[PDB]
$ cat protein-v4.pdb   # PDB, C-alpha atoms and all ligand atoms
ATOM      1  CA  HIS E   4       1.553  37.177   0.164
ATOM      2  CA  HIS E   5       2.013  39.253  -3.001
ATOM      3  CA  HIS E   6       1.594  39.272  -6.697
ATOM      4  CA  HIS E   7       4.778  39.048  -8.799
ATOM      5  CA  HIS E   8       5.100  38.919 -12.560
ATOM      6  CA  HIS E   9       7.895  36.481 -12.740
ATOM      7  CA  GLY E  10      10.598  37.709 -15.166
ATOM      8  CA  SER E  11      14.308  36.852 -15.235
ATOM      9  CA  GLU E  12      14.359  36.724 -11.343
ATOM     10  CA  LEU E  13      13.291  33.054 -11.347
ATOM     11  CA  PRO E  14      15.795  31.777 -13.890
ATOM     12  CA  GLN E  15      18.566  33.420 -11.878
ATOM     13  CA  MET E  16      17.378  31.683  -8.714
ATOM     14  CA  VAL E  17      17.379  28.339 -10.617
ATOM     15  CA  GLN E  18      20.928  28.973 -11.743
ATOM     16  CA  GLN E  19      22.064  29.765  -8.187
ATOM     17  CA  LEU E  20      21.097  26.180  -7.398
ATOM     18  CA  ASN E  21      24.577  25.540  -8.874
ATOM     19  CA  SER E  22      26.285  28.132  -6.648
ATOM     20  CA  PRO E  23      29.432  27.127  -4.795
ATOM     21  CA  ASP E  24      28.287  29.610  -2.149
ATOM     22  CA  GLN E  25      26.004  27.310  -0.063
ATOM     23  CA  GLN E  26      24.475  30.431   1.459
ATOM     24  CA  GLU E  27      23.429  31.733  -1.937
ATOM     25  CA  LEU E  28      22.386  28.212  -2.930
ATOM     26  CA  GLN E  29      20.179  27.723   0.136
ATOM     27  CA  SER E  30      18.700  31.140  -0.193
ATOM     28  CA  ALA E  31      17.553  30.467  -3.763
ATOM     29  CA  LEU E  32      16.312  27.009  -2.765
ATOM     30  CA  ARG E  33      14.178  28.484  -0.011
ATOM     31  CA  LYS E  34      12.718  31.118  -2.339
ATOM     32  CA  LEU E  35      11.821  28.433  -4.919
ATOM     33  CA  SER E  36      10.185  26.453  -2.141
ATOM     34  CA  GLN E  37       8.117  29.396  -0.980
ATOM     35  CA  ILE E  38       6.986  30.093  -4.492
ATOM     36  CA  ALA E  39       6.096  26.418  -5.103
ATOM     37  CA  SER E  40       3.919  26.464  -1.940
ATOM     38  CA  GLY E  41       1.611  28.964  -3.751
ATOM     39  CA  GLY E  42      -1.121  28.108  -6.207
ATOM     40  CA  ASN E  43      -0.875  26.311  -9.548
ATOM     41  CA  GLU E  44       0.086  29.580 -11.327
ATOM     42  CA  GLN E  45       3.103  29.979  -9.038
ATOM     43  CA  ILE E  46       3.970  26.333  -9.312
ATOM     44  CA  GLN E  47       3.879  26.732 -13.097
ATOM     45  CA  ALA E  48       6.327  29.652 -12.945
ATOM     46  CA  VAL E  49       8.819  27.498 -11.114
ATOM     47  CA  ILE E  50       8.479  24.708 -13.641
ATOM     48  CA  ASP E  51       8.681  27.004 -16.613
ATOM     49  CA  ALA E  52      11.882  28.685 -15.283
ATOM     50  CA  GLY E  53      13.569  25.232 -15.488
ATOM     51  CA  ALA E  54      13.828  24.385 -11.852
ATOM     52  CA  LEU E  55      12.934  20.680 -12.081
ATOM     53  CA  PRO E  56      16.085  19.137 -13.537
ATOM     54  CA  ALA E  57      18.340  20.937 -11.076
ATOM     55  CA  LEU E  58      16.034  20.085  -8.126
ATOM     56  CA  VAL E  59      15.968  16.439  -9.088
ATOM     57  CA  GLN E  60      19.744  16.356  -9.327
ATOM     58  CA  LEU E  61      20.003  17.843  -5.843
ATOM     59  CA  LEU E  62      18.281  14.686  -4.568
ATOM     60  CA  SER E  63      21.711  13.033  -4.724
ATOM     61  CA  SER E  64      23.381  15.789  -2.601
ATOM     62  CA  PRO E  65      25.267  14.634   0.461
ATOM     63  CA  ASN E  66      24.155  17.825   2.132
ATOM     64  CA  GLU E  67      20.973  16.988   4.031
ATOM     65  CA  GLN E  68      19.948  20.580   4.408
ATOM     66  CA  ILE E  69      19.936  20.975   0.583
ATOM     67  CA  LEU E  70      18.377  17.661  -0.004
ATOM     68  CA  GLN E  71      15.503  18.133   2.499
ATOM     69  CA  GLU E  72      14.580  21.481   1.008
ATOM     70  CA  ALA E  73      14.735  20.245  -2.628
ATOM     71  CA  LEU E  74      12.502  17.338  -1.672
ATOM     72  CA  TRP E  75      10.122  19.756  -0.050
ATOM     73  CA  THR E  76      10.073  21.985  -3.202
ATOM     74  CA  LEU E  77       9.385  18.861  -5.327
ATOM     75  CA  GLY E  78       6.581  17.677  -3.054
ATOM     76  CA  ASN E  79       4.912  21.072  -3.255
ATOM     77  CA  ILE E  80       5.108  21.103  -7.039
ATOM     78  CA  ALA E  81       3.538  17.652  -7.011
ATOM     79  CA  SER E  82       0.647  18.974  -4.920
ATOM     80  CA  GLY E  83      -0.485  20.963  -8.005
ATOM     81  CA  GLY E  84      -2.201  19.925 -11.281
ATOM     82  CA  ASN E  85      -1.757  16.505 -12.893
ATOM     83  CA  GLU E  86       0.343  18.087 -15.622
ATOM     84  CA  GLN E  87       2.582  19.622 -12.869
ATOM     85  CA  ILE E  88       2.956  16.242 -11.225
ATOM     86  CA  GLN E  89       3.804  14.859 -14.681
ATOM     87  CA  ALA E  90       6.508  17.516 -15.115
ATOM     88  CA  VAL E  91       8.123  16.271 -11.899
ATOM     89  CA  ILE E  92       8.010  12.712 -13.237
ATOM     90  CA  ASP E  93       9.427  13.730 -16.604
ATOM     91  CA  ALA E  94      12.360  15.420 -14.834
ATOM     92  CA  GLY E  95      13.475  12.108 -13.406
ATOM     93  CA  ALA E  96      12.232  12.449  -9.791
ATOM     94  CA  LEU E  97      10.947   8.899  -9.388
ATOM     95  CA  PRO E  98      14.120   6.874  -9.414
ATOM     96  CA  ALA E  99      15.822   9.235  -7.030
ATOM     97  CA  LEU E 100      12.774   9.160  -4.699
ATOM     98  CA  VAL E 101      12.601   5.392  -4.805
ATOM     99  CA  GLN E 102      16.289   5.223  -3.936
ATOM    100  CA  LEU E 103      15.627   7.452  -0.880
ATOM    101  CA  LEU E 104      13.133   4.998   0.460
ATOM    102  CA  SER E 105      16.155   3.035   1.758
ATOM    103  CA  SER E 106      17.478   6.092   3.691
ATOM    104  CA  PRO E 107      18.216   5.587   7.372
ATOM    105  CA  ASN E 108      17.422   9.272   7.929
ATOM    106  CA  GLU E 109      13.783   9.302   8.973
ATOM    107  CA  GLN E 110      13.281  12.924   8.025
ATOM    108  CA  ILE E 111      14.418  12.384   4.420
ATOM    109  CA  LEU E 112      12.551   9.079   4.245
ATOM    110  CA  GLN E 113       9.325  10.712   5.389
ATOM    111  CA  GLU E 114       9.720  13.566   2.904
ATOM    112  CA  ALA E 115      10.364  11.131   0.005
ATOM    113  CA  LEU E 116       7.344   9.124   1.002
ATOM    114  CA  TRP E 117       5.302  12.294   1.175
ATOM    115  CA  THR E 118       6.517  13.498  -2.273
ATOM    116  CA  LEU E 119       5.698  10.050  -3.717
ATOM    117  CA  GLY E 120       2.313  10.119  -2.172
ATOM    118  CA  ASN E 121       1.570  13.488  -3.798
ATOM    119  CA  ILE E 122       2.693  12.171  -7.206
ATOM    120  CA  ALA E 123       0.494   9.124  -6.697
ATOM    121  CA  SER E 124      -2.453  11.388  -5.940
ATOM    122  CA  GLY E 125      -2.628  12.278  -9.608
ATOM    123  CA  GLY E 126      -4.221  10.455 -12.521
ATOM    124  CA  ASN E 127      -3.724   6.836 -13.412
ATOM    125  CA  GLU E 128      -0.814   7.817 -15.636
ATOM    126  CA  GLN E 129       1.027   9.356 -12.669
ATOM    127  CA  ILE E 130       0.170   6.353 -10.485
ATOM    128  CA  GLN E 131       1.448   3.965 -13.141
ATOM    129  CA  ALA E 132       4.769   5.902 -13.296
ATOM    130  CA  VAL E 133       5.205   5.300  -9.524
ATOM    131  CA  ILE E 134       4.517   1.607  -9.960
ATOM    132  CA  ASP E 135       6.848   1.361 -12.921
ATOM    133  CA  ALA E 136       9.652   3.103 -11.014
ATOM    134  CA  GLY E 137       9.610   0.183  -8.519
ATOM    135  CA  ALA E 138       8.192   1.925  -5.475
ATOM    136  CA  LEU E 139       5.945  -0.916  -4.336
ATOM    137  CA  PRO E 140       8.450  -3.260  -2.716
ATOM    138  CA  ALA E 141       9.796  -0.646  -0.362
ATOM    139  CA  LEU E 142       6.327   0.578   0.466
ATOM    140  CA  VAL E 143       5.115  -2.905   1.327
ATOM    141  CA  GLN E 144       8.112  -3.541   3.544
ATOM    142  CA  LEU E 145       7.291  -0.341   5.507
ATOM    143  CA  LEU E 146       3.935  -1.827   6.428
ATOM    144  CA  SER E 147       5.805  -3.867   9.040
ATOM    145  CA  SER E 148       7.569  -0.749  10.475
ATOM    146  CA  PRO E 149       7.487  -0.143  14.249
ATOM    147  CA  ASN E 150       7.720   3.584  13.346
ATOM    148  CA  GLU E 151       4.116   4.813  13.408
ATOM    149  CA  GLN E 152       5.004   8.061  11.646
ATOM    150  CA  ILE E 153       6.724   6.373   8.746
ATOM    151  CA  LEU E 154       3.977   3.735   8.692
ATOM    152  CA  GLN E 155       1.194   6.311   8.273
ATOM    153  CA  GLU E 156       3.102   7.933   5.394
ATOM    154  CA  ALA E 157       3.625   4.658   3.652
ATOM    155  CA  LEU E 158       0.039   3.678   4.123
ATOM    156  CA  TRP E 159      -1.180   6.977   2.623
ATOM    157  CA  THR E 160       1.113   6.565  -0.436
ATOM    158  CA  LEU E 161      -0.051   2.954  -0.937
ATOM    159  CA  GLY E 162      -3.636   4.033  -0.535
ATOM    160  CA  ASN E 163      -3.188   6.643  -3.259
ATOM    161  CA  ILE E 164      -1.782   4.000  -5.603
ATOM    162  CA  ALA E 165      -4.725   1.728  -4.719
ATOM    163  CA  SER E 166      -7.230   4.423  -5.666
ATOM    164  CA  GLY E 167      -6.209   4.055  -9.326
ATOM    165  CA  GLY E 168      -7.602   1.581 -11.878
ATOM    166  CA  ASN E 169      -7.964  -2.111 -11.298
ATOM    167  CA  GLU E 170      -4.544  -3.012 -12.697
ATOM    168  CA  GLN E 171      -2.941  -0.463 -10.362
ATOM    169  CA  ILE E 172      -4.704  -2.033  -7.394
ATOM    170  CA  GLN E 173      -3.652  -5.410  -8.690
ATOM    171  CA  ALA E 174       0.036  -4.281  -8.725
ATOM    172  CA  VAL E 175      -0.337  -3.379  -5.014
ATOM    173  CA  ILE E 176      -1.757  -6.849  -4.359
ATOM    174  CA  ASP E 177       0.965  -8.562  -6.423
ATOM    175  CA  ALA E 178       3.666  -6.744  -4.420
ATOM    176  CA  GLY E 179       2.318  -8.434  -1.300
ATOM    177  CA  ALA E 180       0.534  -5.634   0.481
ATOM    178  CA  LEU E 181      -2.404  -7.667   1.744
ATOM    179  CA  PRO E 182      -0.985  -9.822   4.477
ATOM    180  CA  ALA E 183       0.604  -6.866   6.257
ATOM    181  CA  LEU E 184      -2.554  -4.802   5.896
ATOM    182  CA  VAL E 185      -4.708  -7.639   7.229
ATOM    183  CA  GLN E 186      -2.429  -7.947  10.228
ATOM    184  CA  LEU E 187      -2.695  -4.218  10.922
ATOM    185  CA  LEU E 188      -6.425  -4.765  11.413
ATOM    186  CA  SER E 189      -5.570  -6.379  14.786
ATOM    187  CA  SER E 190      -3.568  -3.375  15.945
ATOM    188  CA  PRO E 191      -4.391  -2.008  19.383
ATOM    189  CA  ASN E 192      -3.608   1.402  17.878
ATOM    190  CA  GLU E 193      -6.824   2.921  16.526
ATOM    191  CA  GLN E 194      -5.013   5.557  14.495
ATOM    192  CA  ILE E 195      -3.149   2.810  12.643
ATOM    193  CA  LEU E 196      -6.417   0.973  12.180
ATOM    194  CA  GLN E 197      -7.975   4.004  10.608
ATOM    195  CA  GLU E 198      -5.018   4.446   8.214
ATOM    196  CA  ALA E 199      -4.949   0.736   7.268
ATOM    197  CA  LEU E 200      -8.661   0.715   6.627
ATOM    198  CA  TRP E 201      -8.354   3.724   4.289
ATOM    199  CA  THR E 202      -5.832   1.766   2.262
ATOM    200  CA  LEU E 203      -7.576  -1.604   2.405
ATOM    201  CA  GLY E 204     -10.914  -0.040   1.478
ATOM    202  CA  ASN E 205      -9.395   1.425  -1.675
ATOM    203  CA  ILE E 206      -8.037  -1.929  -2.611
ATOM    204  CA  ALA E 207     -11.506  -3.423  -2.028
ATOM    205  CA  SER E 208     -12.818  -0.800  -4.463
ATOM    206  CA  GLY E 209     -11.439  -2.742  -7.360
ATOM    207  CA  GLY E 210     -12.966  -5.459  -9.496
ATOM    208  CA  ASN E 211     -13.880  -8.934  -8.383
ATOM    209  CA  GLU E 212     -10.368 -10.293  -8.798
ATOM    210  CA  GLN E 213      -9.090  -7.587  -6.443
ATOM    211  CA  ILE E 214     -11.934  -8.086  -3.996
ATOM    212  CA  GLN E 215     -11.360 -11.847  -3.913
ATOM    213  CA  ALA E 216      -7.694 -11.273  -3.064
ATOM    214  CA  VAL E 217      -8.822  -9.263  -0.028
ATOM    215  CA  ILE E 218     -11.098 -12.130   1.045
ATOM    216  CA  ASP E 219      -8.385 -14.708   0.308
ATOM    217  CA  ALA E 220      -5.916 -12.878   2.509
ATOM    218  CA  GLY E 221      -8.276 -13.187   5.484
ATOM    219  CA  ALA E 222      -9.782  -9.726   5.714
ATOM    220  CA  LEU E 223     -13.368 -10.583   6.613
ATOM    221  CA  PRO E 224     -13.181 -11.914  10.161
ATOM    222  CA  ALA E 225     -11.069  -8.955  11.159
ATOM    223  CA  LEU E 226     -13.451  -6.490   9.416
ATOM    224  CA  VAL E 227     -16.506  -8.082  10.923
ATOM    225  CA  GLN E 228     -14.971  -7.848  14.350
ATOM    226  CA  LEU E 229     -14.359  -4.088  13.833
ATOM    227  CA  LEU E 230     -18.120  -3.624  13.394
ATOM    228  CA  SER E 231     -18.131  -3.863  17.234
ATOM    229  CA  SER E 232     -15.402  -1.222  17.611
ATOM    230  CA  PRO E 233     -16.300   1.453  20.158
ATOM    231  CA  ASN E 234     -14.551   4.045  17.999
ATOM    232  CA  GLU E 235     -17.140   5.379  15.579
ATOM    233  CA  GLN E 236     -14.667   6.435  12.876
ATOM    234  CA  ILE E 237     -13.239   2.940  12.737
ATOM    235  CA  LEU E 238     -16.754   1.572  12.665
ATOM    236  CA  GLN E 239     -17.483   3.811   9.674
ATOM    237  CA  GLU E 240     -14.350   2.780   7.860
ATOM    238  CA  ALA E 241     -14.915  -0.933   8.337
ATOM    239  CA  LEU E 242     -18.520  -0.590   7.024
ATOM    240  CA  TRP E 243     -17.218   1.310   4.030
ATOM    241  CA  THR E 244     -14.576  -1.356   3.382
ATOM    242  CA  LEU E 245     -17.051  -4.270   3.827
ATOM    243  CA  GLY E 246     -19.517  -2.597   1.507
ATOM    244  CA  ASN E 247     -16.908  -2.351  -1.177
ATOM    245  CA  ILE E 248     -16.177  -6.065  -0.754
ATOM    246  CA  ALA E 249     -19.932  -6.705  -0.817
ATOM    247  CA  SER E 250     -20.352  -5.016  -4.210
ATOM    248  CA  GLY E 251     -18.538  -7.811  -6.011
ATOM    249  CA  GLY E 252     -19.967 -11.006  -7.508
ATOM    250  CA  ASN E 253     -22.008 -13.733  -5.940
ATOM    251  CA  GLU E 254     -18.831 -15.458  -4.773
ATOM    252  CA  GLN E 255     -17.749 -12.258  -2.980
ATOM    253  CA  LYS E 256     -21.226 -11.594  -1.517
ATOM    254  CA  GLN E 257     -21.421 -15.166  -0.197
ATOM    255  CA  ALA E 258     -18.080 -14.799   1.619
ATOM    256  CA  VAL E 259     -19.403 -11.689   3.364
ATOM    257  CA  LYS E 260     -22.591 -13.479   4.486
ATOM    258  CA  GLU E 261     -20.640 -16.513   5.706
ATOM    259  CA  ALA E 262     -18.404 -14.212   7.806
ATOM    260  CA  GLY E 263     -21.461 -13.042   9.733
ATOM    261  CA  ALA E 264     -21.709  -9.501   8.323
ATOM    262  CA  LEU E 265     -25.423  -9.449   7.393
ATOM    263  CA  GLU E 266     -26.777  -9.387  10.883
ATOM    264  CA  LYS E 267     -24.316  -6.600  11.924
ATOM    265  CA  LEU E 268     -25.084  -4.466   8.869
ATOM    266  CA  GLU E 269     -28.806  -4.685   9.782
ATOM    267  CA  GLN E 270     -28.389  -3.588  13.375
ATOM    268  CA  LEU E 271     -26.090  -0.726  12.436
ATOM    269  CA  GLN E 272     -28.817   0.785  10.310
ATOM    270  CA  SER E 273     -30.327   1.988  13.588
ATOM    271  CA  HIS E 274     -27.116   3.355  15.052
ATOM    272  CA  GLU E 275     -27.243   6.703  16.905
ATOM    273  CA  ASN E 276     -24.671   8.242  14.529
ATOM    274  CA  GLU E 277     -26.181   9.120  11.132
ATOM    275  CA  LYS E 278     -22.877   8.665   9.326
ATOM    276  CA  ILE E 279     -22.891   5.079  10.551
ATOM    277  CA  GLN E 280     -26.589   4.560   9.659
ATOM    278  CA  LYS E 281     -25.817   5.740   6.156
ATOM    279  CA  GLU E 282     -22.611   3.714   5.665
ATOM    280  CA  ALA E 283     -24.457   0.634   6.972
ATOM    281  CA  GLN E 284     -27.501   0.988   4.707
ATOM    282  CA  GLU E 285     -25.233   1.596   1.694
ATOM    283  CA  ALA E 286     -23.053  -1.490   2.613
ATOM    284  CA  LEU E 287     -26.282  -3.539   3.016
ATOM    285  CA  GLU E 288     -27.539  -2.291  -0.425
ATOM    286  CA  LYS E 289     -24.278  -3.358  -2.063
ATOM    287  CA  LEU E 290     -24.430  -6.825  -0.467
ATOM    288  CA  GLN E 291     -28.057  -7.278  -1.400
ATOM    289  CA  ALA E 292     -27.938  -5.929  -4.955
TER     290      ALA E 292
HETATM  291 CA    CA X   1      26.013  15.432   4.903
HETATM  292 CA    CA X   2      18.005   7.389  11.570
HETATM  293 CA    CA X   3       7.320   3.085  17.496
HETATM  294 CA    CA X   4      -5.865   1.638  21.654
END

$ encode --input "protein-v4.pdb" --output "structure tokens"
Amino acid sequence: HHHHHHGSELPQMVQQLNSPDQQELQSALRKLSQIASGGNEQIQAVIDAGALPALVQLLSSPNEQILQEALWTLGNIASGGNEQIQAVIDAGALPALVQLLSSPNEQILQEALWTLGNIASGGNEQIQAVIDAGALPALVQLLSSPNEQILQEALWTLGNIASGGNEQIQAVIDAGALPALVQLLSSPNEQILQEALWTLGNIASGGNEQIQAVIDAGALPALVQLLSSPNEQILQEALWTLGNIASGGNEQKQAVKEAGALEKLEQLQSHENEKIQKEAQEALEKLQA
């Protein structure tokens, strides 16, 4: 695409977000979307022309075509810099997004989850905003969803929250994530297993309190069993997750040994796949530190 020195064209587009001509409205919405799918400089032009408050307000539209595109514009803006994410938060996006997590329209629901995930990919300030807006309860509930597509989205958003500081991880734990995540570890669906492990491993990246909650919820037997998975990605993920657990205190280390991990970690050091050899030796190092 093409360079454009954004002048009064943008502000006029933002104003047409109010147009009673839904054709003119949609047209402007699409152009704002396209611009926000560019780099940070383009994203910044959209923010600086005042688009955010009107986009956020469109999240209460009863017109799904408008709503879905505004959500998409917001999600793109939130895929930029932390200060861009923070502009979306300041404009009031979070409560409207959290509301949408109860939508029975799976397209809107996915898009809200996606937008939330992008906001939660920012710094700990952005993550804390998501927690404070009350997103956790809905996210945790979606862990029991029979909808694999919604489930993966929810898992990615929770995983993002769980990659923050220890208190942010602890909020995820306090909202009850762990039992549903532990149960996912018995899924026959390896794609789900991979996604659940990404999220659980982040939780296990916390401090000893957070690690002990993982052990308390029953994670270890399921993890240890996945060290025999024939899928090598899963095998990698479970090593990574166990290593994180292993890096805690003596109490945490002892739990890992009691669950039988030590012997498995040792054999996997010789695995054919180098990525596994490396994850295994690094998990063993953590345990044995
Ligand atoms: Ca409608
Ligand atoms: Ca539906
Ligand atoms: Ca299904
Ligand atoms: Ca399977």

$ atom_distance --input "protein-v4.pdb" --atom1 "CA of residue 14 (chain E)" --atom2 "CA of residue 116 (chain E)"
28.4 Å

$ residues_near_ligand --input "protein-v4.pdb" --ligand "ligand CA 1 (chain X)" --cutoff "10 Å" --atoms "all atoms listed in the file" --output "PDB file with C-alpha atoms, in the coordinates of the input"
ATOM      1  CA  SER E  64      23.381  15.789  -2.601  1.00  0.00           C
ATOM      2  CA  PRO E  65      25.267  14.634   0.461  1.00  0.00           C
ATOM      3  CA  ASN E  66      24.155  17.825   2.132  1.00  0.00           C
ATOM      4  CA  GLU E  67      20.973  16.988   4.031  1.00  0.00           C
ATOM      5  CA  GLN E  68      19.948  20.580   4.408  1.00  0.00           C
ATOM      6  CA  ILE E  69      19.936  20.975   0.583  1.00  0.00           C
ATOM      7  CA  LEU E  70      18.377  17.661  -0.004  1.00  0.00           C
TER       8      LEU E  70
END

$ closest_residue --input "protein-v4.pdb" --among "E:267, E:289, E:34, E:274" --to "residue 253 (chain E)" --atoms "all atoms listed in the file"
E:289

$ resolve_selection --input "protein-v4.pdb" --expression "the PyMOL selection byres (((not hetatm)) within 12 of (chain X and resi 3))" --output "MDAnalysis selection string"
chainID E and resid 147:155 192 195

$ residues_around --input "protein-v4.pdb" --residues "residue 130 (chain E)" --least-positions-apart "4" --cutoff "8 Å" --atoms "all atoms listed in the file" --output "ChimeraX atom specification"
/E:122-126,134,163-164,167,171

$ resolve_selection --input "protein-v4.pdb" --expression "the PyMOL selection byres (((chain E and resi 59) around 9) and not hetatm)" --output "compact mmCIF listing (two decimals) with C-alpha atoms, in the frame of the given file"
# COMPACT_ATOMS: atom_id res chain seq x y z
CA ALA E 54 13.83 24.38 -11.85
CA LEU E 55 12.93 20.68 -12.08
CA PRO E 56 16.08 19.14 -13.54
CA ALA E 57 18.34 20.94 -11.08
CA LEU E 58 16.03 20.08 -8.13
CA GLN E 60 19.74 16.36 -9.33
CA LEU E 61 20.00 17.84 -5.84
CA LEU E 62 18.28 14.69 -4.57
CA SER E 63 21.71 13.03 -4.72
CA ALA E 73 14.74 20.24 -2.63
CA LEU E 74 12.50 17.34 -1.67
CA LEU E 77 9.38 18.86 -5.33
CA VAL E 91 8.12 16.27 -11.90
CA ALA E 94 12.36 15.42 -14.83
CA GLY E 95 13.48 12.11 -13.41
CA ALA E 96 12.23 12.45 -9.79
CA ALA E 99 15.82 9.24 -7.03

$ resolve_selection --input "protein-v4.pdb" --expression "the PyMOL selection byres (((not hetatm)) within 9 of (chain X and resi 4))" --output "ChimeraX atom specification"
/E:190-194

$ axis_aligned_box --input "protein-v4.pdb" --around "region 15-28 of chain E" --padding-each-side "6 Å" --output "AutoDock Vina command-line options"
--center_x 23.4 --center_y 29.5 --center_z -5.2 --size_x 24.1 --size_y 19.9 --size_z 25.3

$ residues_near_ligand --input "protein-v4.pdb" --ligand "ligand CA 2 (chain X)" --cutoff "12 Å" --atoms "all atoms listed in the file" --output "PyMOL selection string"
chain E and resi 105-113+150+153

$ atom_distance --input "protein-v4.pdb" --atom1 "CA of residue 84 (chain E)" --atom2 "CA of residue 53 (chain E)"
17.2 Å

$ residues_near_point --input "protein-v4.pdb" --point "(-28.7, -6.8, -1.7)" --cutoff "12 Å" --atoms "only C-alpha atoms" --output "NGL selection string"
:E and (246 or 249-253 or 256-257 or 259-260 or 265 or 268-269 or 284-292)

$ atom_distance --input "protein-v4.pdb" --atom1 "CA of residue 47 (chain E)" --atom2 "CA of residue 101 (chain E)"
24.5 Å

$ residues_around --input "protein-v4.pdb" --residues "residue 204 (chain E)" --least-positions-apart "4" --cutoff "7 Å" --atoms "only C-alpha atoms" --output "PDB file with C-alpha atoms, keeping the file's coordinate frame"
ATOM      1  CA  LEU E 200      -8.661   0.715   6.627  1.00  0.00           C
ATOM      2  CA  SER E 208     -12.818  -0.800  -4.463  1.00  0.00           C
ATOM      3  CA  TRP E 243     -17.218   1.310   4.030  1.00  0.00           C
ATOM      4  CA  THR E 244     -14.576  -1.356   3.382  1.00  0.00           C
ATOM      5  CA  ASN E 247     -16.908  -2.351  -1.177  1.00  0.00           C
TER       6      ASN E 247
END

$ closest_residue --input "protein-v4.pdb" --among "E:128, E:20, E:160, E:224" --to "residue 185 (chain E)" --atoms "all atoms listed in the file"
E:224

$ decode --input "protein-v4.pdb" --residues "region 179-190 of chain E" --atoms "N, CA, C and O atoms" --output "CSV table (one decimal), in the first residue's frame"
chain,number,residue,atom,x,y,z
E,179,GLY,N,-10.2,-19.3,39.5
E,179,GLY,CA,-10.5,-20.7,39.3
E,179,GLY,C,-10.1,-21.3,38.0
E,179,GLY,O,-10.6,-22.4,37.7
E,180,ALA,N,-9.1,-20.7,37.3
E,180,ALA,CA,-8.7,-21.4,36.1
E,180,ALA,C,-8.2,-22.8,36.2
E,180,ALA,O,-8.2,-23.5,35.2
E,181,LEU,N,-7.5,-23.1,37.3
E,181,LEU,CA,-6.7,-24.3,37.3
E,181,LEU,C,-7.3,-25.6,37.1
E,181,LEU,O,-6.9,-26.5,36.3
E,182,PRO,N,-8.5,-25.8,37.8
E,182,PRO,CA,-9.2,-27.1,37.6
E,182,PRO,C,-9.6,-27.4,36.2
E,182,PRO,O,-9.5,-28.6,35.7
E,183,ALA,N,-10.0,-26.4,35.5
E,183,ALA,CA,-10.4,-26.6,34.1
E,183,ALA,C,-9.2,-26.9,33.2
E,183,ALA,O,-9.2,-27.7,32.3
E,184,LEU,N,-8.1,-26.2,33.5
E,184,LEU,CA,-6.9,-26.4,32.7
E,184,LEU,C,-6.3,-27.7,33.0
E,184,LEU,O,-6.0,-28.5,32.0
E,185,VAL,N,-6.3,-28.2,34.2
E,185,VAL,CA,-5.8,-29.5,34.5
E,185,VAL,C,-6.7,-30.6,33.8
E,185,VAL,O,-6.1,-31.6,33.2
E,186,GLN,N,-8.0,-30.4,33.8
E,186,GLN,CA,-8.8,-31.4,33.1
E,186,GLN,C,-8.5,-31.4,31.6
E,186,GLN,O,-8.5,-32.4,31.0
E,187,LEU,N,-8.3,-30.2,31.0
E,187,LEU,CA,-7.9,-30.2,29.6
E,187,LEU,C,-6.7,-31.0,29.2
E,187,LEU,O,-6.6,-31.5,28.1
E,188,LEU,N,-5.8,-31.3,30.2
E,188,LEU,CA,-4.6,-32.1,30.0
E,188,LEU,C,-4.9,-33.5,29.7
E,188,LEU,O,-4.1,-34.3,29.2
E,189,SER,N,-6.2,-34.0,29.9
E,189,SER,CA,-6.6,-35.3,29.5
E,189,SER,C,-7.4,-35.3,28.2
E,189,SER,O,-7.9,-36.3,27.9
E,190,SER,N,-7.4,-34.2,27.5
E,190,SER,CA,-8.1,-34.1,26.2
E,190,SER,C,-7.5,-35.1,25.2
E,190,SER,O,-6.3,-35.3,25.1
